[PDB]
Structures are given as C-alpha cells and as structure tokens.
>>> print(open('entry-v8.txt').read())   # compact mmCIF, N, CA and C atoms
# COMPACT_ATOMS: atom_id res chain seq x y z
N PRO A 1 0.82 -1.22 0.00
CA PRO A 1 0.00 0.00 0.00
C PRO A 1 0.85 1.26 0.00
N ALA A 2 0.32 2.30 -0.64
CA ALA A 2 0.98 3.59 -0.76
C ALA A 2 0.28 4.63 0.09
N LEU A 3 0.89 5.82 0.16
CA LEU A 3 0.33 6.92 0.93
C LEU A 3 -0.97 7.42 0.31
N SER A 4 -2.06 7.28 1.06
CA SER A 4 -3.38 7.66 0.60
C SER A 4 -4.07 8.40 1.73
N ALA A 5 -4.29 9.69 1.54
CA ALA A 5 -4.86 10.55 2.57
C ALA A 5 -6.15 11.14 2.05
N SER A 6 -7.23 10.94 2.80
CA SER A 6 -8.55 11.38 2.35
C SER A 6 -8.72 12.88 2.49
N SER A 7 -8.01 13.51 3.42
CA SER A 7 -7.96 14.96 3.49
C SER A 7 -6.54 15.41 3.78
N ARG A 8 -6.24 16.65 3.39
CA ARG A 8 -4.90 17.20 3.58
C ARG A 8 -4.55 17.37 5.05
N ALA A 9 -5.56 17.46 5.92
CA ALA A 9 -5.32 17.54 7.35
C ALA A 9 -4.57 16.32 7.86
N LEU A 10 -4.90 15.13 7.34
CA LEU A 10 -4.22 13.93 7.79
C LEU A 10 -2.77 13.88 7.31
N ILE A 11 -2.50 14.33 6.08
CA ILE A 11 -1.12 14.32 5.61
C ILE A 11 -0.31 15.37 6.36
N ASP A 12 -0.95 16.47 6.77
CA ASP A 12 -0.25 17.49 7.55
C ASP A 12 0.05 16.99 8.96
N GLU A 13 -0.92 16.35 9.62
CA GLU A 13 -0.68 15.91 10.99
C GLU A 13 0.26 14.71 11.01
N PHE A 14 0.22 13.86 9.98
CA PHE A 14 1.16 12.75 9.90
C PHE A 14 2.57 13.23 9.65
N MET A 15 2.74 14.23 8.79
CA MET A 15 4.07 14.76 8.53
C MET A 15 4.58 15.54 9.73
N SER A 16 3.67 16.11 10.52
CA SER A 16 4.06 16.86 11.71
C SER A 16 4.68 15.94 12.76
N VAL A 17 3.90 15.00 13.27
CA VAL A 17 4.35 14.10 14.32
C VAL A 17 4.05 12.66 13.90
N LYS A 18 5.11 11.86 13.73
CA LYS A 18 4.96 10.55 13.12
C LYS A 18 4.31 9.55 14.07
N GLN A 19 4.73 9.56 15.33
CA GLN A 19 4.38 8.48 16.25
C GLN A 19 2.92 8.55 16.68
N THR A 20 2.46 9.71 17.12
CA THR A 20 1.14 9.85 17.72
C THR A 20 0.08 10.30 16.72
N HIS A 21 0.34 10.16 15.42
CA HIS A 21 -0.64 10.54 14.40
C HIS A 21 -1.88 9.66 14.48
N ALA A 22 -2.99 10.20 14.01
CA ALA A 22 -4.23 9.44 13.91
C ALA A 22 -4.24 8.65 12.61
N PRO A 23 -4.22 7.32 12.66
CA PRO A 23 -4.43 6.56 11.43
C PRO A 23 -5.85 6.66 10.92
N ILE A 24 -6.81 6.85 11.82
CA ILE A 24 -8.22 6.93 11.49
C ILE A 24 -8.80 8.15 12.20
N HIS A 25 -9.57 8.94 11.47
CA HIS A 25 -10.29 10.09 12.02
C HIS A 25 -11.78 9.74 11.91
N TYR A 26 -12.65 10.74 12.08
CA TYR A 26 -14.09 10.48 12.03
C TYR A 26 -14.52 10.00 10.65
N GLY A 27 -14.32 10.82 9.63
CA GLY A 27 -14.76 10.44 8.30
C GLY A 27 -13.61 10.27 7.34
N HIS A 28 -12.39 10.52 7.81
CA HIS A 28 -11.21 10.49 6.96
C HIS A 28 -10.19 9.50 7.51
N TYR A 29 -9.48 8.84 6.61
CA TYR A 29 -8.53 7.80 6.94
C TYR A 29 -7.22 8.05 6.21
N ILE A 30 -6.17 7.37 6.65
CA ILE A 30 -4.85 7.55 6.07
C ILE A 30 -4.07 6.25 6.22
N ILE A 31 -3.37 5.84 5.17
CA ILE A 31 -2.63 4.58 5.13
C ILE A 31 -1.14 4.91 5.05
N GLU A 32 -0.36 4.37 5.98
CA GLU A 32 1.08 4.58 5.98
C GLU A 32 1.72 3.72 4.91
N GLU A 33 2.66 4.29 4.16
CA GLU A 33 3.33 3.52 3.12
C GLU A 33 4.25 2.46 3.72
N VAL A 34 4.04 1.22 3.31
CA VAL A 34 4.87 0.09 3.71
C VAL A 34 5.35 -0.57 2.44
N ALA A 35 6.66 -0.64 2.25
CA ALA A 35 7.20 -0.95 0.94
C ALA A 35 8.61 -1.48 1.11
N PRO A 36 9.13 -2.23 0.13
CA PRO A 36 10.55 -2.59 0.17
C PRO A 36 11.48 -1.40 0.02
N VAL A 37 11.03 -0.32 -0.57
CA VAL A 37 11.79 0.92 -0.53
C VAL A 37 11.24 1.76 0.61
N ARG A 38 12.10 2.55 1.23
CA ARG A 38 11.67 3.57 2.18
C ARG A 38 12.30 4.89 1.78
N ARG A 39 11.48 5.92 1.62
CA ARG A 39 11.93 7.18 1.05
C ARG A 39 11.90 8.29 2.10
N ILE A 40 12.79 9.26 1.92
CA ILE A 40 12.75 10.46 2.75
C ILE A 40 11.59 11.34 2.30
N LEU A 41 10.62 11.53 3.19
CA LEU A 41 9.47 12.38 2.90
C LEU A 41 9.72 13.76 3.50
N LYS A 42 9.96 14.74 2.64
CA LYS A 42 10.21 16.11 3.06
C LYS A 42 9.06 17.00 2.61
N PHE A 43 8.57 17.84 3.51
CA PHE A 43 7.68 18.93 3.13
C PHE A 43 8.09 20.19 3.88
N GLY A 44 8.36 21.25 3.12
CA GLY A 44 9.03 22.40 3.69
C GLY A 44 10.37 21.97 4.26
N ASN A 45 10.50 22.12 5.58
CA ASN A 45 11.66 21.60 6.29
C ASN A 45 11.42 20.25 6.95
N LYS A 46 10.18 19.90 7.29
CA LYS A 46 9.97 18.73 8.14
C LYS A 46 10.14 17.43 7.36
N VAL A 47 10.70 16.43 8.04
CA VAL A 47 11.23 15.21 7.45
C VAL A 47 10.63 14.02 8.19
N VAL A 48 10.06 13.07 7.45
CA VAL A 48 9.64 11.79 8.00
C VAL A 48 10.19 10.68 7.12
N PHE A 49 10.90 9.74 7.74
CA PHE A 49 11.41 8.57 7.05
C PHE A 49 10.72 7.33 7.59
N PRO B 1 10.93 29.14 -2.58
CA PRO B 1 9.99 29.85 -1.71
C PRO B 1 10.72 30.58 -0.60
N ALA B 2 10.21 31.75 -0.25
CA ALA B 2 10.72 32.51 0.88
C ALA B 2 9.76 32.37 2.04
N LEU B 3 10.19 32.82 3.21
CA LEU B 3 9.31 32.83 4.38
C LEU B 3 8.14 33.77 4.15
N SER B 4 6.95 33.23 4.32
CA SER B 4 5.72 33.97 4.10
C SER B 4 4.76 33.58 5.20
N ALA B 5 4.26 34.56 5.94
CA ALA B 5 3.31 34.32 7.01
C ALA B 5 2.15 35.28 6.87
N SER B 6 0.93 34.74 6.92
CA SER B 6 -0.25 35.57 6.71
C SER B 6 -0.53 36.45 7.91
N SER B 7 -0.42 35.90 9.11
CA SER B 7 -0.64 36.64 10.34
C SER B 7 0.53 36.43 11.27
N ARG B 8 0.71 37.39 12.19
CA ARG B 8 1.86 37.37 13.09
C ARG B 8 1.84 36.18 14.03
N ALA B 9 0.65 35.65 14.36
CA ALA B 9 0.56 34.53 15.29
C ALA B 9 1.19 33.27 14.72
N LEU B 10 1.09 33.07 13.40
CA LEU B 10 1.73 31.91 12.79
C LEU B 10 3.24 32.01 12.84
N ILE B 11 3.80 33.18 12.51
CA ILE B 11 5.25 33.31 12.52
C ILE B 11 5.78 33.27 13.96
N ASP B 12 4.96 33.69 14.93
CA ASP B 12 5.32 33.54 16.33
C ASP B 12 5.34 32.07 16.74
N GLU B 13 4.36 31.28 16.26
CA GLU B 13 4.38 29.84 16.52
C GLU B 13 5.59 29.18 15.89
N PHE B 14 5.88 29.54 14.64
CA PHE B 14 6.95 28.89 13.89
C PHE B 14 8.31 29.20 14.48
N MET B 15 8.51 30.44 14.95
CA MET B 15 9.72 30.74 15.69
C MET B 15 9.75 30.03 17.03
N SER B 16 8.58 29.85 17.67
CA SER B 16 8.56 29.22 18.99
C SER B 16 8.92 27.74 18.90
N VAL B 17 8.18 26.97 18.11
CA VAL B 17 8.45 25.55 17.94
C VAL B 17 8.51 25.26 16.45
N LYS B 18 9.63 24.70 15.99
CA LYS B 18 9.79 24.39 14.57
C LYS B 18 8.86 23.26 14.14
N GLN B 19 8.95 22.11 14.82
CA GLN B 19 8.41 20.87 14.28
C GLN B 19 6.88 20.84 14.31
N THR B 20 6.28 20.99 15.50
CA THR B 20 4.86 20.70 15.70
C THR B 20 3.92 21.79 15.21
N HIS B 21 4.42 22.80 14.51
CA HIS B 21 3.59 23.91 14.06
C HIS B 21 2.61 23.46 12.99
N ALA B 22 1.57 24.25 12.81
CA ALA B 22 0.64 24.03 11.70
C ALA B 22 1.12 24.78 10.47
N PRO B 23 1.10 24.16 9.30
CA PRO B 23 1.40 24.92 8.08
C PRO B 23 0.22 25.76 7.66
N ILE B 24 -0.99 25.29 7.96
CA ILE B 24 -2.22 25.88 7.46
C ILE B 24 -3.18 26.08 8.62
N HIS B 25 -3.55 27.33 8.87
CA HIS B 25 -4.52 27.71 9.88
C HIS B 25 -5.89 27.76 9.19
N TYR B 26 -6.88 28.40 9.82
CA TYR B 26 -8.20 28.53 9.20
C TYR B 26 -8.12 29.33 7.90
N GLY B 27 -7.80 30.62 8.00
CA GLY B 27 -7.74 31.43 6.82
C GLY B 27 -6.35 31.99 6.63
N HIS B 28 -5.43 31.56 7.48
CA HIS B 28 -4.04 31.98 7.41
C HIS B 28 -3.17 30.79 7.04
N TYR B 29 -2.08 31.07 6.34
CA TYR B 29 -1.15 30.04 5.90
C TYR B 29 0.27 30.50 6.21
N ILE B 30 1.21 29.56 6.22
CA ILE B 30 2.62 29.91 6.39
C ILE B 30 3.46 29.01 5.49
N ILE B 31 4.49 29.60 4.87
CA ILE B 31 5.42 28.87 4.02
C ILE B 31 6.81 28.91 4.66
N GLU B 32 7.43 27.74 4.77
CA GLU B 32 8.82 27.63 5.18
C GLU B 32 9.72 27.86 3.97
N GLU B 33 10.74 28.69 4.13
CA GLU B 33 11.65 28.92 3.02
C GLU B 33 12.54 27.71 2.81
N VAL B 34 12.66 27.29 1.56
CA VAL B 34 13.53 26.20 1.15
C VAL B 34 14.56 26.79 0.21
N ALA B 35 15.80 26.87 0.67
CA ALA B 35 16.85 27.52 -0.10
C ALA B 35 18.14 26.76 0.14
N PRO B 36 19.10 26.84 -0.78
CA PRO B 36 20.41 26.26 -0.47
C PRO B 36 21.14 27.02 0.62
N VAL B 37 20.85 28.31 0.78
CA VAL B 37 21.31 29.06 1.94
C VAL B 37 20.31 28.86 3.08
N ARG B 38 20.81 28.53 4.26
CA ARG B 38 19.98 28.48 5.46
C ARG B 38 20.52 29.49 6.47
N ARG B 39 19.83 30.62 6.57
CA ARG B 39 20.18 31.66 7.52
C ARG B 39 19.82 31.23 8.94
N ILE B 40 20.23 32.04 9.90
CA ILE B 40 19.94 31.79 11.31
C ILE B 40 18.94 32.84 11.77
N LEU B 41 17.85 32.39 12.38
CA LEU B 41 16.68 33.22 12.65
C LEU B 41 16.68 33.64 14.12
N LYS B 42 16.95 34.92 14.37
CA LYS B 42 17.17 35.42 15.72
C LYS B 42 16.08 36.38 16.19
N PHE B 43 14.81 36.05 15.93
CA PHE B 43 13.71 36.80 16.52
C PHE B 43 13.69 36.62 18.02
N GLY B 44 13.91 37.70 18.77
CA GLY B 44 13.94 37.61 20.22
C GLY B 44 15.10 36.76 20.71
N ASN B 45 14.87 36.09 21.84
CA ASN B 45 15.87 35.16 22.35
C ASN B 45 15.96 33.91 21.48
N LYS B 46 14.82 33.41 21.01
CA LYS B 46 14.73 32.08 20.43
C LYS B 46 15.45 32.00 19.08
N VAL B 47 16.15 30.89 18.87
CA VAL B 47 17.05 30.72 17.74
C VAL B 47 16.60 29.50 16.95
N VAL B 48 16.45 29.66 15.64
CA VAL B 48 15.94 28.62 14.75
C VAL B 48 16.90 28.44 13.59
N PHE B 49 17.40 27.21 13.41
CA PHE B 49 18.23 26.88 12.26
C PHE B 49 17.36 26.42 11.10
>>> encode(input="entry-v8.txt", output="structure tokens")
Amino acid sequence: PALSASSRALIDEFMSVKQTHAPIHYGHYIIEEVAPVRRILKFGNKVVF
Amino acid sequence: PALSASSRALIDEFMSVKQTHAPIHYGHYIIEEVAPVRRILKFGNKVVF
C-alpha cells in the first residue's frame, strides 16, 4: 500500500508528528506507506522517514 | 519559496516551535523557506536553524 490521505489535514498531521498521528479520524482515513523501498518524505523543512 | 506568514501569530508559533507547528490555519497560511542558503533566525531570544 501507498500513501493515501482522504484529506490534507491527515497528511499534515502525519508529517508533523509521526508516532502519535491518527491513522483513522471520524470520516477520513490515512494509510502509511509500507514498501521494500523507504523514502525520505520532506515537506518544507519537516522530514519523516 | 521565501518565508511567508499571513498573520503574526503563525510566525510567532513557527519561531517558537519548529516541528509541531501548523502549516495551514483557518484562513491563514505559512510557508517555510527552502533555499540552499539556510540563515539563522534570531527573533527575540529564540534561535531557529
């Protein structure tokens, strides 16, 4: 599975804090990418690997 | 992109805490500058690389 965010709020909160992010919200969901490759995800300055 | 803040409260948050800040408020937004030069940000006491 790849990164799929139903609203931009989830991709923002996931990129903000990796550990305590909400995988599931009320009406919106988000799937963490799990893959044989792992990529550096940068937005602005913030970094999640 | 250069540093752009819609309201002073966002740039105060961003200087206060780098990581956990919001990029997007209700009607206000903030852009982190991405440049090959990284200046040192000395607003007040607080220092941001």
>>> closest_atom_pairs(input="entry-v8.txt", of="chain B", to="chain A", cutoff="10 Å", atoms="only C-alpha atoms", output="JSON lines")
{"residue": "B:1", "atom": "CA", "partner": "A:44", "partner_atom": "CA", "distance": 9.3}
{"residue": "B:18", "atom": "CA", "partner": "A:46", "partner_atom": "CA", "distance": 8.6}
{"residue": "B:19", "atom": "CA", "partner": "A:16", "partner_atom": "CA", "distance": 6.5}
{"residue": "B:20", "atom": "CA", "partner": "A:16", "partner_atom": "CA", "distance": 5.6}
{"residue": "B:21", "atom": "CA", "partner": "A:16", "partner_atom": "CA", "distance": 7.4}
{"residue": "B:22", "atom": "CA", "partner": "A:12", "partner_atom": "CA", "distance": 7.8}
{"residue": "B:23", "atom": "CA", "partner": "A:12", "partner_atom": "CA", "distance": 7.6}
{"residue": "B:24", "atom": "CA", "partner": "A:12", "partner_atom": "CA", "distance": 8.6}
{"residue": "B:31", "atom": "CA", "partner": "A:44", "partner_atom": "CA", "distance": 7.4}
{"residue": "B:32", "atom": "CA", "partner": "A:44", "partner_atom": "CA", "distance": 5.4}
{"residue": "B:33", "atom": "CA", "partner": "A:44", "partner_atom": "CA", "distance": 7.1}
{"residue": "B:34", "atom": "CA", "partner": "A:44", "partner_atom": "CA", "distance": 6.4}
>>> atom_distance(input="entry-v8.txt", atom1="CA of residue 25 (chain A)", atom2="CA of residue 48 (chain A)")
20.4 Å
>>> atom_distance(input="entry-v8.txt", atom1="atom C of residue 42 (chain B)", atom2="atom C of residue 14 (chain A)")
27.6 Å
>>> calpha_fit_rmsd(input="entry-v8.txt", fixed="chain B", moving="chain A")
0.4 Å
>>> select_by_dssp(input="entry-v8.txt", residues="chain A", states="strand (DSSP E or B)", output="VMD selection string")
chain A and resid 4 to 5 24 29 to 31 41 to 43 46 to 48
>>> residues_around(input="entry-v8.txt", residues="residue 28 (chain B)", least_positions_apart="5", cutoff="7 Å", atoms="only N, CA and C atoms", output="list in words")
residues 5, 6, 7 and 23 of chain B
